[PDB]
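These values consider heavy atoms only, across backbone and side chains, with no hydrogens, waters or symmetry-generated copies. In what follows, every chain begins at residue 1, and chains take the letters A, B, ... in the order their sequences are listed.
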Number of protein chains: 2
Amino acid sequence: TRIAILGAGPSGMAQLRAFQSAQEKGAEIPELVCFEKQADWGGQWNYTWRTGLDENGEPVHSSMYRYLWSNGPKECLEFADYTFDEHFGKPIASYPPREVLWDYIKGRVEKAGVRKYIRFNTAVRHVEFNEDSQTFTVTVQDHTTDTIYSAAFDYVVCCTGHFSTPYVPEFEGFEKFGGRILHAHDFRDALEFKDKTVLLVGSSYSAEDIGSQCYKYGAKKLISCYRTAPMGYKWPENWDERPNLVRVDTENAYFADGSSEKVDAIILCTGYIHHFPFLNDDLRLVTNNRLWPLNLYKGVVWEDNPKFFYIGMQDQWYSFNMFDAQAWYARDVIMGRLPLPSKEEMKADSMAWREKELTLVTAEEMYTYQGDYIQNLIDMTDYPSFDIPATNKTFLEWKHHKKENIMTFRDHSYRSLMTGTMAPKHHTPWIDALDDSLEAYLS
Amino acid sequence: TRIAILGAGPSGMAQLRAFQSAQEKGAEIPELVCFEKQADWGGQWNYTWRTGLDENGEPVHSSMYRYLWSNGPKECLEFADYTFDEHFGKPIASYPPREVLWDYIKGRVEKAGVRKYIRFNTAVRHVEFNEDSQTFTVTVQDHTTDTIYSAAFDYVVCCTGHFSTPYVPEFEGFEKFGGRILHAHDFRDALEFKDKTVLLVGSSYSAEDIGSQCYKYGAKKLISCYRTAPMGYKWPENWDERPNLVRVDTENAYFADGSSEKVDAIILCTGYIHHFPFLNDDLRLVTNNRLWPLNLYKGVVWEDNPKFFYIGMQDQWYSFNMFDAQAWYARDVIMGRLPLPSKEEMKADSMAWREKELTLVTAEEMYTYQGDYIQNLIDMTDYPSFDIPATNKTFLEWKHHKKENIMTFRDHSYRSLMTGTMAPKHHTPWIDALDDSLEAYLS
Ligand SMILES: Cc1cc2nc3c(=O)[nH]c(=O)nc-3n(C[C@H](O)[C@H](O)[C@H](O)COP(=O)(O)OP(=O)(O)OC[C@H]3O[C@@H](n4cnc5c(N)ncnc54)[C@H](O)[C@@H]3O)c2cc1C
Ligand SMILES: Cc1cc2nc3c(=O)[nH]c(=O)nc-3n(C[C@H](O)[C@H](O)[C@H](O)COP(=O)(O)OP(=O)(O)OC[C@H]3O[C@@H](n4cnc5c(N)ncnc54)[C@H](O)[C@@H]3O)c2cc1C
Ligand SMILES: NC(=O)c1ccc[n+]([C@@H]2O[C@H](COP(=O)([O-])OP(=O)(O)OC[C@H]3O[C@@H](n4cnc5c(N)ncnc54)[C@H](OP(=O)(O)O)[C@@H]3O)[C@@H](O)[C@H]2O)c1
Ligand SMILES: NC(=O)c1ccc[n+]([C@@H]2O[C@H](COP(=O)([O-])OP(=O)(O)OC[C@H]3O[C@@H](n4cnc5c(N)ncnc54)[C@H](OP(=O)(O)O)[C@@H]3O)[C@@H](O)[C@H]2O)c1
Ligand SMILES: [Cl-]
Ligand SMILES: [Cl-]
């Protein structure tokens with residue numbers, strides 16, 4: 001019996017780690033093959049200067065940029081089976097830069113010895129399910145050998161992420177505008193916008209952080225514009241929030257204010273779409289970005305074909321943590337440890353979760369909900385229980401530190417829920433920490 | 001009997017025109033379905049401000065930019081069945097802007113009434129050939145309905161182009177550089193580089209023209225770097241050619257000169273790759289960009305499966321013209337008018353064309369070769385013969401005007417080979433024609 005794992009970001013890495021853990025405790029595991037289009041693992045966390053399409057012509061995956069740091073508390077994404085203490089050997093602050101968390105997630109799978117299951121530089125083209133043999137044919141392109149080939153699997157776990165294919169709306173006059181227009185997905189070095197005026201269309205995490213990054217590295221002026229409601233924070237002197245963009249000139253932007261501004265560049269921070277070009281409608285998840293997509297029993301088993309799974313397709317307050325709980329659950333169903341109920345029962349269960357999701361009003365209610373979801377998963381499994389209510393509270397602190405001051409939220413510290421140890425303050429306040437390297441953060 | 005045409009650029013447009021022409025002369029034609037991922041026809045010639053991935057997540061197709069004009073004589077790409085005189089009603093100059101040639105190619109297919117065969121906003125996912133039924137299954141995603149479906153065809157003609165998926169080599173230090181790095185494919189408005197220093201990596205048509213465009217719209221400084229040999233032309237005061245880039249700094253570029261320069265942005269003009277993600281190895285053309293790719297009988301019939309065709313996959317001195325000769329040939333084989341020889345004979349014929357291709361040294365020998373190729377095609381077909389040697393000579397003039405002065409080559413005029421009428425001088429010299437619109441060019 002044979003499993004295909006699509007992708008080697010945190011989620012695929014988690015899926016390999018789950019099986020390896022079960023084998024380490026003496027269980028007999030299926031054969032595993034994992035396909036990844038990049039040359040190395042880490043998903044989003046593997047930085048690249050590339051843009052649009054990669055060296056092989058596949059859409060560039062990572063949306064990450066220079067100077068990116070964790071945007072939530074480290075301790076809200078710690079692995080229950082592999083702690084920050086184990087990995088780094090010393091305590092570190094709470095909002096590590098990209099390279100540091102990349103080093104961290106690699107460390108777990110390095111220790112586990114699961115690299116050997118991965119075929120890198122290989123893009124998944126198609127997954128078909130055969131009624132007759134009751135198996136999946138996965139067709140891939142190996143860009144090392146420039147060969148296209150297919151292989152047969154009994155179950156498939158899709159871990160290809162949903163923050164990679166941009167949602168890019170059009171505004172009137174974009175075809176006339178003289179400056180750069182880009183989506184957040186293409187943002188790389190904040191220095192390219194030094195001494196320039198940047199319009200940021202959108203009001204979520206990308207808007208906040210890309211603006212923050214441009215501010216930090218010396219842009220002249222920043223303008224956020226919002227669709228429904230204002231971001232709400234106290235922005236520095238050279239950053240305004242305006243109602244939505246309506247049109248654009250050779251050099252100006254016009255808003256629902258009636259106001260006007262000369263603008264050098266426009267960065268669309270409008271989010272992403274769930275896009276699976278390697279799947280037909282029988283297997284293909286269709287959803288907007290939300291806490292409870294439909295058709296996923298326990299949020300991971302595909303209801304129209306329960307031998308196909310999805311990891312991490314929910315919107316994210318929790319992350320690494322959650323993928324783990326998902327991957328452990330996926331594995332125990334694949335291994336026959338947790339038999340699936342009937343299709344009617346699955347659908348009724350998923351309806352209950354959707355009813356509750358539509359109930360949610362406040363940030364607190366939302367991550368508490370994801371908290372409840374994760375709790376339900378970890379209770380069914382091998383995976384070590386940890387203090388979820390206490391993680392929720394850590395989120396609550398985090399939200400407060402953002403309300404207090406949006407530029408200084410990364411200068412606070414929190415208690416690890418795995419080890420119990422309060423994180424130290426970092427050696428340099430965020431505003432002044434211009435060097436984003438692992439090197440400089442750990443020294 | 002039923003045909004699938006993949007793409008509605010010049011080539012797919014030509015393929016539909018070919019069939020329509022045969023029906024207009026009273027022949028019974030097959031059913032035609034043409035699939036196009038954009039919302040309108042024209043291929044490269046349909047401009048978009050978009051970059052990387054389009055509103056549906058498909059790779060953005062067009063490589064074209066603001067202010068692009070024909071880079072060869074108009075009269076070298078005139079349709080033999082639909083003249084510039086017929087379309088515009090007046091004589092026009094010889095290097096029309098993008099919008100003008102777009103208007104022109106649309107005109108032929110507007111007159112022909114072939115739009116009705118096209119499914120726009122539909123991306124081709126996969127083409128399989130079935131041994132049992134001797135037919136092709138084409139799977140597509142309709143982004144209007146968000147549905148994925150498949151349909152059966154007896155022959156397939158692939159017209160998806162080969163100047164869209166960038167070849168993007170890496171140079172040391174790109175992950176440290178502070179400015180924008182982009183491939184020519186992502187170049188949009190030359191105004192974004194006003195008063196800046198731009199490095200152009202490459203030594204072909206994109207290098208020449210993107211530099212030219214940046215110069216024309218007010219860049220501070222330009223640097224071309226070449227892999228094998230220098231471009232050769234006399235560049236204006238603020239533009240140097242130096243040997244290849246070796247590495248890059250936070251803000252500087254270093255060359256095999258040993259020389260150094262502060263640089264604001266890097267535009268890789270390093271060309272494209274043949275990429276067909278919708279095809280398996282049984283159907284998939286693998287080739288570098290050249291005058292005579294292998295495995296294409298008469299340069300269009302796929303030798304391992306002669307019910308599958310390729311249009312326009314050769315490198316291009318001729319263009320529109322050539323696609324016509326190819327499409328007319330494809331059609332006459334599909335229609336049984338020109339029976340295919342045996343596989344051995346096809347391979348031997350292709351070998352002879354390859355032998356000759358490797359003989360070619362000079363620009364003149366090269367386009368004369370493609371001229372001979374086109375001649376061989378049009379003699380086998382319905383398609384009106386026209387003076388190819390005289391078109392060759394028009395290319396020769398064109399090359400001379402480029403050697404004379406690379407910035408003024410677009411200010412010359414040539415004799416139409418269809419109508420025989422010398423083109424008038426344009427109303428504004430190229431350097432001063434800042435407005436790129438159809439509107440402004442025809443007034
Ligand atoms: C800019 C940005 C910043 C973020 N910052 C944080 C943060 O600070 N903290 C946090 O908790 N979360 C953050 N996230 C959320 C992020 O989704 C998770 O941290 C995590 O990366 C999810 O991992 P994943 O493996 O499920 O998806 P991904 O990390 O996207 O991995 C998907 C993998 O699948 C591969 N793949 C996709 N298609 C194919 C194909 N056809 N064939 C082969 N391989 C394929 C990709 O190469 C990739 O490796 C951020 C997300 C973005 C976009
Ligand atoms: C920047 C640039 C400038 C150029 N300038 C000139 C010039 O001045 N003069 C000249 O003679 N030639 C020029 N060319 C050469 C150009 O190749 C031809 O002029 C002509 O555009 C080739 O047409 P085509 O139909 O064969 O390919 P394309 O024009 O590229 O059309 C291919 C079509 O297939 C579609 N497609 C691709 N994949 C899919 C899919 N999977 N599903 C559905 N549809 C798909 C695309 O949307 C596109 O419409 C230029 C090329 C480039 C890149
Ligand atoms: N580590 C980091 O610092 C960091 C940085 C960036 C991103 N990320 C991660 O990336 C993920 C997504 O971040 P995200 O903000 O890009 O996606 P997102 O959370 O879905 O944000 C979507 C935003 O786009 C806006 N939008 C959509 N259409 C619009 C339109 N037509 N006009 C104006 N606005 C429009 C939405 O407006 P409405 O609110 O009105 O619907 C919303 O503000 C998150 O997990 C986040 O953690 C992390
Ligand atoms: N209408 C217009 O004005 C216009 C503008 C742009 C493009 N186009 C069209 O687009 C098509 C392609 O033009 P193109 O120039 O982008 O593709 P191209 O003609 O294949 O040019 C390829 C170039 O990339 C260079 N290159 C490849 N790898 C390199 C490396 N590692 N380092 C440095 N240089 C490298 C090659 O160097 P080598 O020479 O050593 O091999 C060559 O100079 C042509 O049909 C052209 O008509 C038209
Ligand atoms: Cl272990
Ligand atoms: Cl007609």
Side-chain touch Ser21(A)/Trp328(A), heavy atoms, less than 4.5 angstrom: yes
Salt bridge (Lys or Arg N to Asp or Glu O under 4.0 Å) evaluation trace for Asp349(A) with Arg354(A): CA-CA 9 Å; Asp349(A) 191 275; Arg354(A) 169 53 72 75; over 6 Å; no
Under 3.5 Å: donor-acceptor pair, side chain of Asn130(B), backbone of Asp132(B): no
Short N-O contact, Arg115(A) and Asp40(A), less than 4.0 angstrom: yes
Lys347(A)/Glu344(A) ion pair, N-O < 4.0 Å: no
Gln370(A) side chain vs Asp315(A) backbone, donor-acceptor pair below 3.5 Å: yes
Note: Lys25(A)-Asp382(A) ion pair, threshold 4.0 Å (strictly below): yes
Flag for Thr419(A)-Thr421(A): side-chain donor and acceptor within less than 3.5 Å: yes
Flag for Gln15(A)-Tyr117(A): side-chain donor and acceptor within less than 3.5 Å: no
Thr391(A) side-chain N/O to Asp387(A) backbone N/O, donor-acceptor pair under 3.5 Å: yes
Under-4.0 Å salt bridge between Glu58(A) and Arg125(A): yes
Student check: side-chain heavy atoms of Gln314(A) and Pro293(A) closer than 4.5 Å: yes
Intermediate values then yes/no, side chain to side chain donor-acceptor pair (under 3.5 Å), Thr394(A) and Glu397(A): CA-CA 5 Å; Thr394(A) 314; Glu397(A) 286 186 75; 4.7 Å; no
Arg98(A) to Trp45(A) six-membered ring, cation-pi geometry met (6.0 Å, 45°): no
4.5 Å side-chain heavy-atom contact, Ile388(A) and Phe386(A): yes
Heavy-atom donor-acceptor pair, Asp411(A) side chain to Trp430(A) backbone, under 3.5 Å: yes
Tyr95(A) and its ring-ring contact (aromatic ring centres under 6.0 Å, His included) partner, picked from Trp398(A), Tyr441(A), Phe409(A), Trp69(A): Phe409(A)
Carboxylate-amine/guanidinium contact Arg66(A) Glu175(B), below 4.0 Å: no
Test item: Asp146(A) and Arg284(B) side chains (from C-beta on) under 4.5 Å apart, heavy atoms: yes
Under 3.5 Å donor-acceptor, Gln44(A) side chain and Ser63(A) backbone: yes
Side-chain heavy atoms of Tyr310(A) within contact of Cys159(A), under 4.5 Å: no
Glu172(B), CD: over 12 other non-hydrogen atoms inside 6.0 angstrom: no
Cation-pi geometry met for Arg108(A) and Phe79(A) (6.0 Å, 45°): yes
Under 3.5 Å donor-acceptor, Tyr297(A) side chain and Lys343(A) backbone: no
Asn56(A), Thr145(A), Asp54(A) screened by side chain to side chain donor-acceptor pair (under 3.5 Å) with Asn121(A), the one that passes: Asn56(A)
Exam field: side chain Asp436(A) to backbone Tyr67(A), donor-acceptor pair closer than 3.5 Å: yes
Distance-only donor-acceptor check, side chains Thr362(A) and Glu365(A), under 3.5 Å: yes
Under 3.5 Å: donor-acceptor pair, side chain of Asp142(A), backbone of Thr122(A): no
Any side-chain donor near an acceptor of the partner, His274(A) and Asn288(A), under 3.5 Å: no
Pair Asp154(A)-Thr135(A), side chain to side chain donor-acceptor pair (under 3.5 Å): steps then yes or no: CA-CA 5 Å; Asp154(A) 302 289; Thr135(A) 59; over 6 Å; no
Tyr414(A) side chain vs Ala423(A) backbone, donor-acceptor pair below 3.5 Å: no
Side chain to side chain donor-acceptor pair (under 3.5 Å) between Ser437(A) and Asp435(A), worked out: CA-CA 6 Å; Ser437(A) 72; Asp435(A) 189 343; 3.1 Å; yes
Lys/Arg N to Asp/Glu carboxylate O, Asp324(A) vs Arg17(A), below 4.0 Å: no
Results of side-chain contact (heavy atoms from CB on, under 4.5 Å) for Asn280(A) - residues two or more places apart only: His126(A), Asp282(A), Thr139(B), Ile148(B)
Main-chain N/O of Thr165(A) paired to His183(A) side chain as donor or acceptor, under 3.5 Å: no
Test log, rule side chain to side chain donor-acceptor pair (under 3.5 Å), inputs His162(A) and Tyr272(A): CA-CA 7 Å; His162(A) 64 95; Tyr272(A) 300 85; over 6 Å; no
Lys NZ or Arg CZ of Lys74(A) over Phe84(A) ring: under 6.0 Å, within 45°: yes
Under the side-chain hydrogen bond (donor to acceptor under 3.5 Å, both in side chains) test, residues paired with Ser94(A) that sit two or more places apart: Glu75(A)
Test applied, ring-ring contact (aromatic ring centres under 6.0 Å, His included); reference residue, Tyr369(A); option that passes from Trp317(A), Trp353(A), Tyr318(A): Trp353(A)
